[PDB]
Amino acid sequence: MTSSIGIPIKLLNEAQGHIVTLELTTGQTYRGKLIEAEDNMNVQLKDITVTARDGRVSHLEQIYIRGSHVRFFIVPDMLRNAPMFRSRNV
Amino acid sequence: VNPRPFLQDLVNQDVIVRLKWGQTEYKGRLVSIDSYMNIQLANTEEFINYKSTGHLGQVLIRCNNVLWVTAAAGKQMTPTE
Amino acid sequence: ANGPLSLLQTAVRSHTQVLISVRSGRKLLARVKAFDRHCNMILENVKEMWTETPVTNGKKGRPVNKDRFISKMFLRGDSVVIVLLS
Amino acid sequence: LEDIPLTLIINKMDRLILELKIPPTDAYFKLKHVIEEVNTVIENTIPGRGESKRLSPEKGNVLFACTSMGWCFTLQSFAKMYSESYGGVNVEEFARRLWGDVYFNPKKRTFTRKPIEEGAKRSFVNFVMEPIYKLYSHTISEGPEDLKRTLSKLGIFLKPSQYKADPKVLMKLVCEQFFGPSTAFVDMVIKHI
Amino acid sequence: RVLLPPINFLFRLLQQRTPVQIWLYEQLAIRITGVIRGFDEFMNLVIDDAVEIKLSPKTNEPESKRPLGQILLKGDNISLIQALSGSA
Amino acid sequence: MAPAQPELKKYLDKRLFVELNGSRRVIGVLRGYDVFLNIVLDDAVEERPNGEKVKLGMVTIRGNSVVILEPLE
Amino acid sequence: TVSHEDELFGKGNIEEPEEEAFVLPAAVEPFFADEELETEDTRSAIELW
Amino acid sequence: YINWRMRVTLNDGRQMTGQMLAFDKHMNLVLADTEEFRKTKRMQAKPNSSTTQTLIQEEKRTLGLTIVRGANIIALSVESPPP
Amino acid sequence: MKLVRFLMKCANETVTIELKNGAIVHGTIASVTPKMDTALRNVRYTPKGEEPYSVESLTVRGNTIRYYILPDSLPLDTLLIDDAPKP
Amino acid sequence: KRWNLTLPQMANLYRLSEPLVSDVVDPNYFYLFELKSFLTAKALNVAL
Ligand SMILES: Nc1nc2c(ncn2[C@@H]2O[C@H](COP(=O)(O)OP(=O)(O)OP(=O)(O)O)[C@@H](O)[C@H]2O)c(=O)[nH]1
């Protein structure tokens with residue numbers, strides 16, 4: 001059969017180029033412009049402003065995170081009204 | 001020597017398996033090994049913190065809680081100083 | 001049919017009580033009724049034992065072995081740490 | 001001369017298949033003739049800088065299209081349909097190896113320049129053009145049951161009323177469900193403009 | 001350039017029989033030092049003459065050592081395998 | 001089917017710092033990777049929280065062991 | 001100046017260099033591999049086209 | 001079960017209330033108008049009472065459109081139906 | 001046999017499932033998925049050290065649960081009958 | 001009220017209709033000899 005990726009993975013893939021905030025399972029949240037995405041949610045960011053829950057604010061460039069350690073991701077509001085969300089009734 | 005051939009040769013022989021939780025060890029005659037590395041052993045004795053907790057008998061252990069496995073022939077269960 | 005599944009099937013057919021040590025710090029003495037390939041088990045006449053440390057007025061006392069009786073129990077194979085057929 | 005970035009769209013491939021009726025290797029030769037003519041006049045516009053703005057399918061700035069049936073593809077997208085249908089294919093390197101005087105040996109599973117196994121055709125021909133020719137020929141040449149069997153064998157499904165359509169509209173539906181939308185054109189514009 | 005696959009690196013280490021020290025998964029003070037004897041598709045490595053080393057929690061130095069002989073470790077318990085180059 | 005390989009072709013043969021579980025750091029040069037993110041690197045230097053760098057040379061980190069990566073160049 | 005066949009293979013190497021030697025998986029075939037190029041009615045089909 | 005206003009409980013104990021927009025095979029849920037409420041237990045000691053009261057203070061932060069992986073998702077409950 | 005088929009045959013019943021996180025939810029099961037994800041109606045959930053909360057329904061994933069206890073009058077012999085076709 | 005014919009049947013009917021059926025393939029055959037041209041010539045009092 002034909003493999004169907006998830007709608008949330010499609011929304012992650014369509015979020016490339018816009019600034020998103022990814023919080024890992026380690027309590028560190030980095031907000032920056034996503035530069036790539038993969039089907040396994042392994043995303044690479046360029047701006048990456050990182051804030052760690054112990055209170056550590058820093059900046060880093062070209063940071064890649066695997067999908068396993070990634071807990072939550074927040075994307076821009078415009079993608080809330082994306083073409084993917086329309087229920088195709090053929 | 002592949003790990004599957006090593007487990008096949010370790011069958012019907014005394015082996016000691018150290019688990020990943022609590023640093024426990026189980027020494028006994030390995031009876032059956034599955035494709036998913038599921039272990040079934042006979043005459044098993046459990047030891048905790050280098051102290052023998054006691055013999056249990058026929059023990060079935062899944063591969064998830066198993067950390068390391070070795071032959072029990074010529075191996076000392078006491079920790080070297 | 002020839003590995004630990006054979007031992008589980010033999011224990012289920014013999015209806016013999018076996019002790020399963022669960023990774024949440026629990027023990028379960030129960031008779032095997034049904035088993036799956038992913039180590040998921042359904043058992044009858046289960047006695048579940050655990051050790052609870054009573055903290056009275058901020059002082060940690062001696063642990064107590066608490067026990068409970070369950071008529072029918074269903075345990076997932078993921079939470080199973082060790083099994084011993086008795 | 002204004003130095004606006006330039007991309008190429010070869011159009012009306014059905015004329016290669018249905019008007020001229022040339023064999024697939026001659027279709028490759030016709031495609032390469034058009035591409036070299038475009039690059040020749042680019043080179044003659046500004047001498048010496050024709051390599052900087054070279055248009056060739058392996059770079060991804062040439063998009064083969066038939067606009068009547070409504071399909072367009074680059075080499076990268078066609079290798080992407082390979083990677084979707086089979087799995088585990090490096091799309092970029094395969095699209096690099098697809099175009100040119102590259103011959104495919106199936107027994108050795110390799111890319112050479114001369115036919116090593118005495119009958120190996122081009123990489124572009126064997127992988128790209130002969131599937132399109134076979135799609136066209138079998139879509140307009142077969143009855144509805146044979147068409148259903150063949151297109152289900154590839155994995156294309158149509159409602160049974162549509163299998164008995166006119167050849168032009170059936171052709172449009174088949175090519176639409178085979179190639180898919182114009183994502184290849186979008187990729188070409190994003191990467192090269 | 002030429003990439004180094006992990007399977008190719010494991011095959012080269014097994015053919016050269018070089019010493020390897022593997023810090024365990026979820027344990028930075030637990031290591032296994034030995035010689036690679038065999039590998040499987042599930043990243044389960046059987047190593048001969050393996051010795052388990054428990055490191056000091058303060059100075060990060062090797063505190064306790066125990067040779068377990070020829071053992072086999074699954075890939076889920078292995079975190080960082082480094083080839084200790086012998087001084088030849 | 002088969003999972004897609006990670007996009008790390010531009011990160012090959014470059015200085016990279018990888019943060020792994022146990023709050024460990026590895027500074028090295030990328031030598032290869034796999035579909036299951038099994039990264040093999042050369043000239044590795046391991047750093048604990050004490051800030052001490054220990055050379056190891058050729059090292060390998062599994063996909064589950066790898067947590068974060070960042071190019072140093 | 002830099003030919004594609006030269007930048008991909010190297011002067012007169014003809015075959016791929018052994019340091020990379022790109023190969024496709026055994027499953028990969030052309031799409032209509034088993035189907036013949038021309039049905040006996042294809043002449044008639046393009047005549048009616 | 002889409003487009004229903006629900007609250008989902010994360011594995012870290014944080015709650016997220018909002019309109020569930022989409023779900024996948026691996027339970028990776030994308031929801032809009034997300035509000036993350038965390039109920040942290042704080043022992044506030046009054047200056048006149050010696051008994052410190054343990055209160056579950058709820059800190060709420062609006063996030064908007066958020067996608068959460070299914071491995072860290074635990075449970076969810078419907079709060080309000082479609083409006 | 002498949003234990004998911006037995007759990008689906010064990011649906012539409014009042015049970016109590018304790019998860020791996022220590023939270024225990026008791027209620028009447030409404031639906032059971034092949035991946036052991038169970039949605040139950042009239043749920044009462046108690047977390048680790050938190051006060052219990054009553055909700056109309058609650059859905060628990062098949063991975064987060066640890067141990068489920070059903071009523072003693074469950075027809076286990078009837079639910080273990082092989083009904084799927086032989087492959 | 002509606003018909004569908006297979007490719008052999010349509011080919012055979014095309015071959016049988018040779019004395020009548022038109023051999024013009026190119027629409028450019030009808031340059032300045034189409035309906036719009038005739039109407040333009042009528043409005044201009046000229047004849048092609
Ligand atoms: N065989 C074939 N014919 C086509 C295709 N696309 C268009 N045509 C025919 O070619 C004619 C030209 O199409 P147009 O879309 O008008 O081309 P155009 O670029 O708008 O023409 P101009 O703007 O005046 O340059 C149309 O009348 C079609 O009949 C095609 O993809 N294949």
# chains A, B, ... in the order shown; residues from 1 in each chain; ligands from 1
>>> residues_around(residues="residue 32 in chain H", least_positions_apart="6", cutoff="12 Å", atoms="only C-alpha atoms", output="ChimeraX atom specification")
/A:8,11,73-81,85 /H:2-7,16-22,62-68
>>> residues_near_ligand(ligand="ligand 1", cutoff="7 Å", atoms="only C-alpha atoms and all ligand atoms", output="ChimeraX atom specification")
/D:11-15,66-69
>>> write_last_selection(atoms="N, CA and C atoms", output="tab-separated table (two decimals), in the first residue's frame")
chain	number	residue	atom	x	y	z
D	11	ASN	N	8.73	21.73	-23.97
D	11	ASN	CA	7.30	21.54	-24.00
D	11	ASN	C	6.89	20.63	-25.15
D	12	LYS	N	5.66	20.12	-25.04
D	12	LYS	CA	4.98	19.36	-26.08
D	12	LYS	C	5.72	18.06	-26.42
D	13	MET	N	5.96	17.25	-25.39
D	13	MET	CA	6.59	15.95	-25.59
D	13	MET	C	5.67	14.95	-26.29
D	14	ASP	N	4.36	15.18	-26.26
D	14	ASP	CA	3.45	14.33	-27.01
D	14	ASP	C	3.71	14.42	-28.50
D	15	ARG	N	4.26	15.54	-28.97
D	15	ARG	CA	4.67	15.64	-30.36
D	15	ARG	C	5.84	14.71	-30.66
D	66	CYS	N	4.56	18.28	-20.94
D	66	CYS	CA	3.51	18.26	-21.94
D	66	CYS	C	2.33	18.98	-21.30
D	67	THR	N	2.03	20.17	-21.81
D	67	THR	CA	1.04	21.03	-21.19
D	67	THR	C	-0.38	20.71	-21.62
D	68	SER	N	-0.57	20.02	-22.75
D	68	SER	CA	-1.91	19.58	-23.12
D	68	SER	C	-2.41	18.50	-22.18
D	69	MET	N	-1.59	17.49	-21.93
D	69	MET	CA	-1.99	16.47	-20.97
D	69	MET	C	-1.82	16.97	-19.55
>>> residues_around(residues="residue 4 in chain B", least_positions_apart="2", cutoff="9 Å", atoms="only C-alpha atoms", output="PDB file with C-alpha atoms, in the first residue's frame")
ATOM      1  CA  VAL B   1      31.792 -15.503  16.125  1.00  0.00           C
ATOM      2  CA  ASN B   2      28.329 -14.020  15.687  1.00  0.00           C
ATOM      3  CA  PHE B   6      27.491 -17.551  20.626  1.00  0.00           C
ATOM      4  CA  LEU B   7      24.006 -17.845  22.143  1.00  0.00           C
ATOM      5  CA  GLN B   8      23.486 -21.171  20.349  1.00  0.00           C
ATOM      6  CA  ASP B   9      26.758 -22.502  21.781  1.00  0.00           C
ATOM      7  CA  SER B  35      14.870 -14.801  17.911  1.00  0.00           C
ATOM      8  CA  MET B  37      16.812 -12.685  22.469  1.00  0.00           C
TER       9      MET B  37
ATOM     10  CA  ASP E  40      25.172  -8.685  14.538  1.00  0.00           C
TER      11      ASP E  40
END
>>> residues_around(residues="range 28-38 of chain I", least_positions_apart="6", cutoff="10 Å", atoms="only C-alpha atoms", output="VMD selection string")
(chain H and resid 75) or (chain I and resid 2 to 5 7 to 17 44 57 to 65 70)
>>> closest_atom_pairs(of="chain E", to="chain G", cutoff="12 Å", atoms="only C-alpha atoms", output="JSON lines")
{"residue": "E:1", "atom": "CA", "partner": "G:19", "partner_atom": "CA", "distance": 8.4}
{"residue": "E:2", "atom": "CA", "partner": "G:19", "partner_atom": "CA", "distance": 6.8}
{"residue": "E:3", "atom": "CA", "partner": "G:20", "partner_atom": "CA", "distance": 9.2}
{"residue": "E:4", "atom": "CA", "partner": "G:19", "partner_atom": "CA", "distance": 11.7}
>>> residues_around(residues="residue 41 in chain C", least_positions_apart="4", cutoff="8 Å", atoms="only C-alpha atoms", output="VMD selection string")
chain C and resid 32 to 36 74 to 77
>>> write_last_selection(atoms="N, CA and C atoms", output="PDB file, in the first residue's frame")
ATOM      1  N   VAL C  32      -0.863 -18.728  35.211  1.00  0.00           N
ATOM      2  CA  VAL C  32      -0.918 -18.234  33.842  1.00  0.00           C
ATOM      3  C   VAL C  32      -2.149 -18.796  33.146  1.00  0.00           C
ATOM      4  N   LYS C  33      -2.954 -17.908  32.568  1.00  0.00           N
ATOM      5  CA  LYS C  33      -4.148 -18.291  31.823  1.00  0.00           C
ATOM      6  C   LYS C  33      -4.023 -18.056  30.328  1.00  0.00           C
ATOM      7  N   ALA C  34      -3.436 -16.934  29.915  1.00  0.00           N
ATOM      8  CA  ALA C  34      -3.253 -16.647  28.500  1.00  0.00           C
ATOM      9  C   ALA C  34      -1.983 -15.830  28.316  1.00  0.00           C
ATOM     10  N   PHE C  35      -1.327 -16.032  27.175  1.00  0.00           N
ATOM     11  CA  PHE C  35      -0.088 -15.330  26.877  1.00  0.00           C
ATOM     12  C   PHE C  35      -0.066 -14.959  25.402  1.00  0.00           C
ATOM     13  N   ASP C  36       0.742 -13.952  25.080  1.00  0.00           N
ATOM     14  CA  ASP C  36       0.898 -13.462  23.719  1.00  0.00           C
ATOM     15  C   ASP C  36       2.374 -13.509  23.340  1.00  0.00           C
ATOM     16  N   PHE C  74      -4.275  -8.361  33.971  1.00  0.00           N
ATOM     17  CA  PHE C  74      -3.677  -8.269  32.646  1.00  0.00           C
ATOM     18  C   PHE C  74      -2.415  -7.427  32.748  1.00  0.00           C
ATOM     19  N   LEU C  75      -1.270  -8.037  32.456  1.00  0.00           N
ATOM     20  CA  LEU C  75       0.023  -7.375  32.559  1.00  0.00           C
ATOM     21  C   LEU C  75       0.658  -7.286  31.180  1.00  0.00           C
ATOM     22  N   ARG C  76       1.113  -6.091  30.820  1.00  0.00           N
ATOM     23  CA  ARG C  76       1.782  -5.895  29.545  1.00  0.00           C
ATOM     24  C   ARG C  76       3.188  -6.483  29.581  1.00  0.00           C
ATOM     25  N   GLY C  77       3.666  -6.902  28.408  1.00  0.00           N
ATOM     26  CA  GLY C  77       5.004  -7.457  28.311  1.00  0.00           C
ATOM     27  C   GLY C  77       6.109  -6.430  28.425  1.00  0.00           C
TER      28      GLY C  77
END
>>> closest_atom_pairs(of="chain C", to="chain B", cutoff="7 Å", atoms="only C-alpha atoms", output="CSV")
residue,atom,partner,partner_atom,distance
C:3,CA,B:32,CA,4.9
C:4,CA,B:40,CA,5.3
C:81,CA,B:65,CA,5.9
C:82,CA,B:61,CA,5.1
C:83,CA,B:60,CA,5.0
C:84,CA,B:59,CA,4.3
C:85,CA,B:58,CA,5.7
>>> atom_distance(atom1="CA of residue 35 in chain F", atom2="CA of residue 127 in chain D")
26.0 Å
>>> residues_around(residues="residue 44 in chain G", least_positions_apart="5", cutoff="12 Å", atoms="only C-alpha atoms", output="list in words")
residues 18, 137, 140, 141 and 142 of chain D; 38, 39 and 49 of chain G; 6, 7, 8, 9, 10, 11, 12, 13, 14 and 15 of chain J
>>> closest_atom_pairs(of="chain F", to="chain A", cutoff="7 Å", atoms="only C-alpha atoms", output="CSV")
residue,atom,partner,partner_atom,distance
F:67,CA,A:69,CA,6.4
F:68,CA,A:65,CA,5.1
F:69,CA,A:64,CA,5.3
F:70,CA,A:63,CA,4.5
F:71,CA,A:62,CA,6.4
>>> write_last_selection(atoms="N, CA, C and O atoms", output="short mmCIF file (atom, residue, chain, number, x, y, z; two decimals), in the first residue's frame")
data_model
loop_
_atom_site.label_atom_id
_atom_site.label_comp_id
_atom_site.auth_asym_id
_atom_site.auth_seq_id
_atom_site.Cartn_x
_atom_site.Cartn_y
_atom_site.Cartn_z
N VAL F 67 22.04 13.00 21.12
CA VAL F 67 20.94 13.87 21.53
C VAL F 67 20.91 15.14 20.70
O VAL F 67 19.91 15.42 20.02
N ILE F 68 21.98 15.93 20.73
CA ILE F 68 22.05 17.16 19.95
C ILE F 68 23.40 17.23 19.25
O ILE F 68 24.39 16.66 19.71
N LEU F 69 23.43 17.95 18.13
CA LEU F 69 24.66 18.17 17.38
C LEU F 69 24.71 19.62 16.92
O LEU F 69 23.68 20.25 16.67
N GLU F 70 25.93 20.15 16.82
CA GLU F 70 26.10 21.53 16.38
C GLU F 70 27.43 21.67 15.65
O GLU F 70 28.47 21.28 16.21
N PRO F 71 27.43 22.21 14.44
CA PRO F 71 28.71 22.40 13.73
C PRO F 71 29.53 23.51 14.36
O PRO F 71 29.01 24.56 14.73
#
>>> atom_distance(atom1="CA of residue 192 in chain D", atom2="CA of residue 6 in chain D")
8.1 Å
>>> select_by_dssp(residues="chain E", states="helix (DSSP H, G or I)", output="number ranges by chain")
E: 6-16, 75-77
>>> write_last_selection(atoms="C-alpha atoms", output="JSON list (two decimals), in the first residue's frame")
[["chain", "number", "residue", "atom", "x", "y", "z"],
["E", 6, "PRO", "CA", 29.43, 2.26, 11.19],
["E", 7, "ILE", "CA", 29.18, -1.30, 9.85],
["E", 8, "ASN", "CA", 32.40, -0.78, 7.87],
["E", 9, "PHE", "CA", 34.09, 0.68, 10.96],
["E", 10, "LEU", "CA", 32.95, -2.29, 13.07],
["E", 11, "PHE", "CA", 34.21, -4.72, 10.40],
["E", 12, "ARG", "CA", 37.57, -2.93, 10.28],
["E", 13, "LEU", "CA", 37.82, -3.02, 14.08],
["E", 14, "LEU", "CA", 36.97, -6.74, 14.15],
["E", 15, "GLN", "CA", 39.49, -7.53, 11.40],
["E", 16, "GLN", "CA", 42.22, -5.48, 13.08],
["E", 75, "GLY", "CA", 23.22, -2.41, 21.32],
["E", 76, "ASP", "CA", 20.58, -0.87, 23.59],
["E", 77, "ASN", "CA", 23.03, -0.83, 26.52]]
>>> interface_residues(of="chain D", to="chain F", cutoff="12 Å", atoms="only C-alpha atoms", output="PyMOL selection string")
chain D and resi 83-92
>>> residues_around(residues="residue 74 in chain B", least_positions_apart="3", cutoff="10 Å", atoms="only C-alpha atoms", output="number ranges by chain")
B: 71, 77; E: 68-69
>>> write_last_selection(atoms="N, CA, C and O atoms", output="CSV table (one decimal), in the first residue's frame")
chain,number,residue,atom,x,y,z
B,71,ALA,N,29.7,-16.5,29.6
B,71,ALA,CA,29.8,-17.9,30.1
B,71,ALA,C,30.2,-17.9,31.6
B,71,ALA,O,31.0,-17.1,32.1
B,77,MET,N,32.1,-14.7,40.3
B,77,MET,CA,31.0,-13.8,40.6
B,77,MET,C,31.4,-12.6,41.5
B,77,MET,O,30.7,-11.6,41.5
E,68,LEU,N,35.2,-10.0,32.9
E,68,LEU,CA,34.1,-11.0,32.8
E,68,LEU,C,34.4,-12.0,31.6
E,68,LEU,O,33.5,-12.8,31.3
E,69,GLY,N,35.6,-11.9,31.0
E,69,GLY,CA,35.9,-12.9,30.0
E,69,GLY,C,35.1,-12.5,28.7
E,69,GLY,O,34.8,-11.3,28.4
>>> atom_distance(atom1="CA of residue 124 in chain D", atom2="CA of residue 151 in chain D")
22.5 Å
>>> select_by_dssp(residues="range 9-84 of chain E", states="strand (DSSP E)", output="ChimeraX atom specification")
/E:19-24,30-39,45-55,62-73,78-83
>>> interface_residues(of="chain B", to="chain E", cutoff="6 Å", atoms="only C-alpha atoms", output="MDAnalysis selection string")
chainID B and resid 1:3 68:70 79:80
>>> write_last_selection(atoms="C-alpha atoms", output="short mmCIF file (atom, residue, chain, number, x, y, z; two decimals), in the first residue's frame")
data_model
loop_
_atom_site.label_atom_id
_atom_site.label_comp_id
_atom_site.auth_asym_id
_atom_site.auth_seq_id
_atom_site.Cartn_x
_atom_site.Cartn_y
_atom_site.Cartn_z
CA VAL B 1 31.79 -15.50 16.13
CA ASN B 2 28.33 -14.02 15.69
CA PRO B 3 26.17 -13.30 18.76
CA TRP B 68 25.27 -8.43 29.42
CA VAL B 69 25.66 -12.19 29.08
CA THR B 70 28.77 -14.34 29.47
CA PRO B 79 34.04 -8.30 42.14
CA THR B 80 37.79 -7.91 41.75
#
>>> interface_residues(of="chain G", to="chain J", cutoff="9 Å", atoms="only C-alpha atoms", output="PyMOL selection string")
chain G and resi 41+44-45+47-48
>>> write_last_selection(atoms="N, CA and C atoms", output="PDB file, in the first residue's frame")
ATOM      1  N   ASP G  41      -1.725  -2.787 -31.894  1.00  0.00           N
ATOM      2  CA  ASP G  41      -2.720  -1.788 -32.248  1.00  0.00           C
ATOM      3  C   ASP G  41      -2.211  -0.358 -32.128  1.00  0.00           C
ATOM      4  N   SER G  44      -2.451   1.603 -35.301  1.00  0.00           N
ATOM      5  CA  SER G  44      -3.846   1.961 -35.496  1.00  0.00           C
ATOM      6  C   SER G  44      -4.287   3.049 -34.527  1.00  0.00           C
ATOM      7  N   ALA G  45      -3.772   3.019 -33.297  1.00  0.00           N
ATOM      8  CA  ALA G  45      -4.138   4.026 -32.309  1.00  0.00           C
ATOM      9  C   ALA G  45      -3.655   5.409 -32.714  1.00  0.00           C
ATOM     10  N   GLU G  47      -2.943   6.261 -35.776  1.00  0.00           N
ATOM     11  CA  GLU G  47      -3.681   6.627 -36.981  1.00  0.00           C
ATOM     12  C   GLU G  47      -5.049   7.203 -36.649  1.00  0.00           C
ATOM     13  N   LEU G  48      -5.728   6.654 -35.644  1.00  0.00           N
ATOM     14  CA  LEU G  48      -7.011   7.207 -35.232  1.00  0.00           C
ATOM     15  C   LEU G  48      -6.860   8.469 -34.402  1.00  0.00           C
TER      16      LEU G  48
END
